Every structure is written in C-alpha cells, then in structure tokens.
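First comes the structure, then the notes that go with it.
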Amino acid sequence: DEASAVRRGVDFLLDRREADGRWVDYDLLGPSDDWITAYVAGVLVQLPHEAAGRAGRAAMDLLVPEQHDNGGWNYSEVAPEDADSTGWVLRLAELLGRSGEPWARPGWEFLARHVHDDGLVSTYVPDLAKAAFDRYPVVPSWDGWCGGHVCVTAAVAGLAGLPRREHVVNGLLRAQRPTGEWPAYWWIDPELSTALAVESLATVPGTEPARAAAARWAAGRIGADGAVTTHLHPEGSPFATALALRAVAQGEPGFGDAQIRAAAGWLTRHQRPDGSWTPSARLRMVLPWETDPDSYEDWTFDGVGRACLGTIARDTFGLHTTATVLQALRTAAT
C-alpha cells in the first residue's frame, strides 16, 4: 500500500524530468529550476529505488556547475541567489556524501553572509541582491526579504556543515512558539517550518524538549481521518498532512504512532491516479517590505510576473507536493 504509493510517486517524478534530468515547478516568473531540482533530488536519493537514486545523483551533477561566483543558487535565473535554494543544494550534497568537495566552501560562505545577530538566517542579503532589487525602484523597501526567516533557518540548521551552527540553532530554538510550532515566512502552513525544524534539530544535542513539544503540536493537527485540513484545502492538504506526519515522527519512541499511521493512510488513499498529490505547497510571496505576513489579509492567488509579489502561489505541476509526501511516507515506513 504505502510501498506501492511510494513507487507510483517515484514514477510520477521520474516521468516529469526535463530532457536533461532537471525538474521545474511553480510559475511565479517562469518555473524554478535549481531550487526545485535540488528539493526533488534530495527526496529521491533517500528512497529505496535504484532509478530514484540515479536521477538524484544526476541532478547533483547538473547543479554543481550552476553555482554562482557568489557561492549561491537561485529559484531560477530571474532571481538573485538566496539562502534557501543554496541550502537545498548543499543538503543534496550532504545526503550524497559530496559536501566536502571544494565548491561547497563558497556555498558555506554564502550562507554565513545570511546569518543575523539573533541567529536567524535571511533569505537574501542587501549587498548580494542589490542589482536585482534595484530593477524595481517603486518598491519602497526590501527589508522584509532581508530579515531573519524562521522557515529558511529551520531548513539550513540541518546542514552539518553550516557555519556558526550553534548560533543558528540557538536562534531557531528561540523562535519556537509556546504552543510548539514554528512560524514560516514564505509558507501558509506552519507545518512546513515545524517539520523542517525538528528534522534539522534531530541532528543536534539539547533540542529534544523542542522536538517533543513540536511533535505534540503536530499530532493535534491530524484529524481522525488522518488529514490536516486548511482554509485553502478544506478536504485535507497533502502538503500539510505530510509535514505534520514528519513533525510527529520526531517525538520520543512510540509517540504519535496512531497519528502517523492515520496520516500515512490518508495520503495513500488520496494519491492521484498519475502518482502525484493535489498541488498544495502553498507559498506566499511576501511583499518585500513586509515583516509580518501573518497580519496580511489581502493576498492575491496564483499571480505571475508583476503580480507575483503579494500572491499565494502553488506548485503548478505538483512536483514539490509529491516530493514532500514521499518524504513523509518514507518516514512512516521507518
């Protein structure tokens, strides 16, 4: 059942490769290449399917020459390099045992430039993004985009090679809410920041209290049918359900056994006939000057080009959602 679901999701993702092996998704300003390729590849190299591992290693080979002289990678060439995309490439390298190669060093240095004094990691830095930002002079300020972002911090804190890692982990721990979750800047679903945070923190001592509190928050999000329902996905969000499953799985031994089995069953029952899940990786393109996107109520939806700012977008082709779900199904099996 779940083994079959994983196999069918792998076939969906392999069939959606570009001719050269890369994956693309989203449509904000054309699709993303480097970010999405790294993200999909990172899931595939962890699955027990030889073709998945081959495709993930092929993607790592494609990504290395795309590194910018500043050390970073990007959504696509339409965007300045950013810490999250760079972090996904370096994560793929760690998963593959390749993160000691010398091209990783300018990547670590790039990430270190995004570390704030409170320990959070920003998506962009003003000096490195200046050229791109200056192309849109009507924008009054890019300070939101250059502030510390808990979702990006949650992801990159998992890198064993991260510079200043203790400082960053401390900042991530201080951002946990008393109810156990972490907030996200770029994502509608706090399950995303929470799941990445606990998986990243599982790799560091002193974080078990935070992980136990987050697992308890996540287990309460999973309904009796296994689904995490949301305003945009009232029937159940495959993305948020998969991420809540993964956060529960970072509790203590045996914690949330029922919720994990229920969420895995819901995901298995709701897989589409083509092996994917309903696109539900809902990314909010926060306005550049906005530091508090949870307060904004006037989002548009599925905006592109000029209207991409201030919109809630989805993974147009379902690759991000499907990869996210496969990572959760692998976690449930183990």
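Here, A, B, ... name the chains of the structure tokens in the order displayed, residue numbers run from 1 inside each chain, and ligands are numbered from 1 in the same displayed order.
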
Please identify the helix (DSSP H, G or I) residues within region 56-144 of chain A (assignment by DSSP from backbone atoms) and present them as a VMD selection string. chain A and resid 56 to 66 83 to 96 104 to 113 126 to 133

Contacts of region 61-72 of chain A at 6 Å (only C-alpha atoms; same-chain gap of 4+ positions) as a ChimeraX atom specification
/A:81,86,106-107,110

Grab the residues selected above and save them as an mmCIF file, in the first residue's frame with C-alpha atoms.
```cif
data_model
loop_
_atom_site.group_PDB
_atom_site.id
_atom_site.type_symbol
_atom_site.label_atom_id
_atom_site.label_comp_id
_atom_site.auth_asym_id
_atom_site.auth_seq_id
_atom_site.Cartn_x
_atom_site.Cartn_y
_atom_site.Cartn_z
ATOM 1 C CA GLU A 81 20.744 33.848 -5.327
ATOM 2 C CA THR A 86 21.607 27.277 -1.690
ATOM 3 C CA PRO A 106 31.810 29.289 -1.274
ATOM 4 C CA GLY A 107 28.347 27.856 -0.547
ATOM 5 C CA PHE A 110 27.360 32.466 1.079
#
```

Q. Hey, what's within 9 Å of region 281-284 of chain A if we count only C-alpha atoms and toss same-chain stuff fewer than 5 positions away? As a PyMOL selection string, please?
A. chain A and resi 185-189+232+237-240+293+299+301+309-315+318+320-321+324

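Using only C-alpha atoms, the nearest neighbour of residue 113 (chain A) within the list A:36, A:164, A:25, A:155 is A:164.
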
Residue with the minimum atom-to-atom distance to residue 130 (chain A), picked from A:80, A:303, A:178, A:100 with only C-alpha atoms counted, is A:80

Pick out each residue of region 48-265 of chain A that DSSP on the backbone tags as strand (DSSP E or B); I need them as a list in words.
residues 73, 82, 115, 121, 122, 148 and 187 of chain A

Give me, as a PyMOL selection string, all polymer residues having an atom no more than 8 Å from residue 26 (chain A), counting only C-alpha atoms and skipping those fewer than 2 positions away in the same chain.
chain A and resi 24+28+30-32+313-317

Generate a file of the selected residues that holds N, CA, C and O atoms, formatted as a PDB file, in the first residue's frame.
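Final output, part.pdb:
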```
ATOM      1  N   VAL A  24      11.407  21.125 -12.827  1.00  0.00           N
ATOM      2  CA  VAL A  24      10.975  22.514 -12.654  1.00  0.00           C
ATOM      3  C   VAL A  24       9.554  22.532 -12.079  1.00  0.00           C
ATOM      4  O   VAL A  24       8.760  21.609 -12.285  1.00  0.00           O
ATOM      5  N   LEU A  28       5.808  31.463 -10.845  1.00  0.00           N
ATOM      6  CA  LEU A  28       5.812  32.857 -10.401  1.00  0.00           C
ATOM      7  C   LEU A  28       6.362  33.797 -11.455  1.00  0.00           C
ATOM      8  O   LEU A  28       5.829  34.899 -11.644  1.00  0.00           O
ATOM      9  N   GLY A  30       8.011  32.355 -14.625  1.00  0.00           N
ATOM     10  CA  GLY A  30       8.537  31.119 -15.213  1.00  0.00           C
ATOM     11  C   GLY A  30       8.738  30.121 -14.071  1.00  0.00           C
ATOM     12  O   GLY A  30       8.550  30.485 -12.895  1.00  0.00           O
ATOM     13  N   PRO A  31       9.101  28.860 -14.338  1.00  0.00           N
ATOM     14  CA  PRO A  31       9.278  27.908 -13.257  1.00  0.00           C
ATOM     15  C   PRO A  31      10.655  28.003 -12.584  1.00  0.00           C
ATOM     16  O   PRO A  31      11.540  28.628 -13.105  1.00  0.00           O
ATOM     17  N   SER A  32      10.758  27.409 -11.402  1.00  0.00           N
ATOM     18  CA  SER A  32      12.054  27.348 -10.694  1.00  0.00           C
ATOM     19  C   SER A  32      12.813  26.140 -11.233  1.00  0.00           C
ATOM     20  O   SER A  32      12.176  25.133 -11.487  1.00  0.00           O
ATOM     21  N   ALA A 313       0.904  31.321  -4.038  1.00  0.00           N
ATOM     22  CA  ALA A 313       1.127  30.512  -5.226  1.00  0.00           C
ATOM     23  C   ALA A 313       1.036  29.053  -4.851  1.00  0.00           C
ATOM     24  O   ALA A 313       1.018  28.690  -3.667  1.00  0.00           O
ATOM     25  N   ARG A 314       0.989  28.203  -5.865  1.00  0.00           N
ATOM     26  CA  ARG A 314       1.040  26.770  -5.658  1.00  0.00           C
ATOM     27  C   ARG A 314       2.071  26.170  -6.601  1.00  0.00           C
ATOM     28  O   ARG A 314       2.467  26.772  -7.604  1.00  0.00           O
ATOM     29  N   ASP A 315       2.519  24.958  -6.254  1.00  0.00           N
ATOM     30  CA  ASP A 315       3.416  24.203  -7.107  1.00  0.00           C
ATOM     31  C   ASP A 315       2.622  23.666  -8.294  1.00  0.00           C
ATOM     32  O   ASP A 315       2.013  22.576  -8.232  1.00  0.00           O
ATOM     33  N   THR A 316       2.598  24.473  -9.358  1.00  0.00           N
ATOM     34  CA  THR A 316       1.786  24.265 -10.554  1.00  0.00           C
ATOM     35  C   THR A 316       1.712  22.819 -11.036  1.00  0.00           C
ATOM     36  O   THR A 316       0.642  22.336 -11.445  1.00  0.00           O
ATOM     37  N   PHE A 317       2.866  22.141 -11.039  1.00  0.00           N
ATOM     38  CA  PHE A 317       2.957  20.810 -11.630  1.00  0.00           C
ATOM     39  C   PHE A 317       2.937  19.698 -10.599  1.00  0.00           C
ATOM     40  O   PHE A 317       3.037  18.518 -10.964  1.00  0.00           O
TER      41      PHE A 317
END
```

Give me the residues within 10 Å of region 38-54 of chain A as number ranges by chain, counting only C-alpha atoms and dropping any in the same chain fewer than 5 places off. A: 3, 6-7, 10-11, 13-14, 22-24, 33, 59-60, 62-63, 73, 85-96, 319-330

Expected file contents, prior selection, C-alpha atoms, as a short mmCIF file (atom, residue, chain, number, x, y, z; two decimals), in the first residue's frame:
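New file part32.cif:
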```cif
data_model
loop_
_atom_site.label_atom_id
_atom_site.label_comp_id
_atom_site.auth_asym_id
_atom_site.auth_seq_id
_atom_site.Cartn_x
_atom_site.Cartn_y
_atom_site.Cartn_z
CA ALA A 3 5.31 0.92 -0.69
CA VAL A 6 5.99 5.48 -2.99
CA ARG A 7 6.77 3.55 -6.16
CA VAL A 10 8.67 7.96 -7.90
CA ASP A 11 7.38 7.07 -11.38
CA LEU A 13 8.57 12.37 -10.59
CA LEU A 14 10.88 10.49 -12.96
CA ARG A 22 16.28 18.56 -14.11
CA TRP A 23 12.89 19.23 -12.50
CA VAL A 24 10.97 22.51 -12.65
CA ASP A 33 14.92 25.09 -11.83
CA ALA A 59 20.67 16.19 -10.60
CA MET A 60 23.54 16.83 -8.20
CA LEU A 62 23.71 19.21 -13.02
CA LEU A 63 23.57 21.59 -10.08
CA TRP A 73 21.95 29.08 -6.20
CA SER A 85 17.90 27.42 -2.64
CA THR A 86 21.61 27.28 -1.69
CA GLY A 87 20.72 25.28 1.41
CA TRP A 88 18.75 22.71 -0.61
CA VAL A 89 21.75 22.17 -2.95
CA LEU A 90 24.15 21.73 -0.02
CA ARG A 91 21.64 19.37 1.63
CA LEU A 92 21.64 17.20 -1.50
CA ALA A 93 25.44 17.17 -1.29
CA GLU A 94 25.33 16.07 2.37
CA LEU A 95 22.81 13.35 1.56
CA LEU A 96 25.18 12.10 -1.18
CA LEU A 319 6.33 18.10 -8.00
CA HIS A 320 7.01 19.89 -4.71
CA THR A 321 3.91 18.43 -3.07
CA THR A 322 4.63 14.93 -4.31
CA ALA A 323 8.25 15.04 -3.16
CA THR A 324 7.13 16.31 0.26
CA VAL A 325 4.59 13.50 0.56
CA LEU A 326 7.09 10.81 -0.48
CA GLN A 327 9.47 12.03 2.23
CA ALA A 328 6.67 11.61 4.78
CA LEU A 329 5.71 8.15 3.52
CA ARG A 330 9.35 7.01 3.83
#
```

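Separating CA of residue 116 (chain A) from CA of residue 171 (chain A) is a distance of 9.1 Å.
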
Please provide as a ChimeraX atom specification all residues within 9 Å of region 200-209 of chain A, with the sequence filter that same-chain residues fewer than 3 positions apart are discarded (counting only C-alpha atoms). /A:154-160,166,169,173,195-197,212-214,250-252

Please write the residues from the selection above to a file, keeping N, CA and C atoms, as a tab-separated table (two decimals), in the first residue's frame.
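Once everything was written out, this is result_27.tsv:
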```
chain	number	residue	atom	x	y	z
A	154	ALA	N	14.99	27.09	9.70
A	154	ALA	CA	14.66	25.71	10.03
A	154	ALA	C	15.29	24.73	9.07
A	155	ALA	N	15.33	25.06	7.78
A	155	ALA	CA	15.95	24.18	6.78
A	155	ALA	C	17.46	24.17	6.92
A	156	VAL	N	18.10	25.34	6.86
A	156	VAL	CA	19.57	25.30	6.79
A	156	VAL	C	20.23	24.84	8.09
A	157	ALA	N	19.54	24.96	9.23
A	157	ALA	CA	20.09	24.50	10.51
A	157	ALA	C	20.37	23.03	10.47
A	158	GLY	N	19.77	22.29	9.55
A	158	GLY	CA	20.04	20.84	9.44
A	158	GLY	C	21.35	20.45	8.77
A	159	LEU	N	22.03	21.44	8.17
A	159	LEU	CA	23.30	21.18	7.47
A	159	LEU	C	24.44	20.99	8.48
A	160	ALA	N	25.03	19.81	8.43
A	160	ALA	CA	26.15	19.54	9.32
A	160	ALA	C	27.29	20.50	9.08
A	166	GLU	N	25.94	26.53	15.94
A	166	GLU	CA	25.37	26.64	17.27
A	166	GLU	C	24.56	27.92	17.43
A	169	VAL	N	21.28	27.38	15.52
A	169	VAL	CA	20.36	26.51	16.26
A	169	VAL	C	19.76	27.26	17.45
A	173	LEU	N	15.79	27.73	18.06
A	173	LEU	CA	15.09	27.32	19.28
A	173	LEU	C	14.34	28.48	19.91
A	195	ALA	N	8.12	21.02	10.61
A	195	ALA	CA	8.71	19.75	10.21
A	195	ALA	C	10.19	19.90	9.86
A	196	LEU	N	10.55	20.95	9.13
A	196	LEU	CA	11.97	21.11	8.80
A	196	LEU	C	12.78	21.38	10.05
A	197	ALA	N	12.23	22.18	10.97
A	197	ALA	CA	12.96	22.49	12.20
A	197	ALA	C	13.25	21.22	12.99
A	212	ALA	N	10.01	17.38	21.22
A	212	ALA	CA	8.86	16.72	21.88
A	212	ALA	C	7.64	17.65	21.87
A	213	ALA	N	7.85	18.95	22.10
A	213	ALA	CA	6.74	19.92	22.12
A	213	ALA	C	6.15	20.05	20.71
A	214	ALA	N	7.01	20.09	19.70
A	214	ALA	CA	6.54	20.23	18.30
A	214	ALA	C	5.77	18.97	17.89
A	250	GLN	N	9.26	13.08	15.05
A	250	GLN	CA	10.43	13.49	15.85
A	250	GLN	C	10.16	13.57	17.33
A	251	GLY	N	9.02	13.04	17.78
A	251	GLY	CA	8.82	12.77	19.20
A	251	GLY	C	9.66	11.61	19.68
A	252	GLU	N	9.45	11.34	20.97
A	252	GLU	CA	10.13	10.24	21.63
A	252	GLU	C	9.67	8.88	21.09
```

Q. So, counting only C-alpha atoms, which residue among A:246, A:114, A:272, A:231 is closest to residue 83 (chain A)?
A.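 With only C-alpha atoms as the atom set, the closest residue is A:114.
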
Point to revise | Contact residues around residue 260 (chain A) with only C-alpha atoms at 8 Å, ignoring same-chain residues under 4 positions, as a PyMOL selection string | key: chain A and resi 226+245+248-249+256+264+332

Create the file for the chosen residues now, containing N, CA and C atoms and written as a short mmCIF file (atom, residue, chain, number, x, y, z; two decimals), in the first residue's frame.
```cif
data_model
loop_
_atom_site.label_atom_id
_atom_site.label_comp_id
_atom_site.auth_asym_id
_atom_site.auth_seq_id
_atom_site.Cartn_x
_atom_site.Cartn_y
_atom_site.Cartn_z
N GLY A 226 -6.94 11.22 9.49
CA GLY A 226 -5.55 11.34 9.12
C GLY A 226 -5.17 12.66 8.48
N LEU A 245 2.84 14.77 9.73
CA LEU A 245 3.34 13.41 10.00
C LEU A 245 4.82 13.46 10.37
N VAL A 248 5.48 14.80 13.83
CA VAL A 248 5.15 13.85 14.90
C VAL A 248 6.27 12.85 15.06
N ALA A 249 6.85 12.41 13.95
CA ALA A 249 7.86 11.36 13.95
C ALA A 249 9.14 11.80 14.66
N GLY A 256 2.92 9.32 19.04
CA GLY A 256 2.13 9.60 17.82
C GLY A 256 2.04 8.45 16.85
N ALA A 264 -0.52 8.60 7.21
CA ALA A 264 0.03 7.83 6.08
C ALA A 264 -1.13 7.20 5.29
N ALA A 332 7.16 7.35 7.62
CA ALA A 332 6.15 6.50 8.26
C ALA A 332 6.60 5.03 8.20
#
```

message: Please compute the CA of residue 210 (chain A)-CA of residue 177 (chain A) distance, one decimal, in Å.
response: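 Between CA of residue 210 (chain A) and CA of residue 177 (chain A) the gap works out to 9.7 Å.
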
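Among the candidates A:241, A:271, A:153, A:194, the one nearest to residue 115 (chain A) when counting only C-alpha atoms is A:153.
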
One residue among A:168, A:79, A:217, A:18 is nearest to residue 129 (chain A) when using only C-alpha atoms, and that residue is A:79
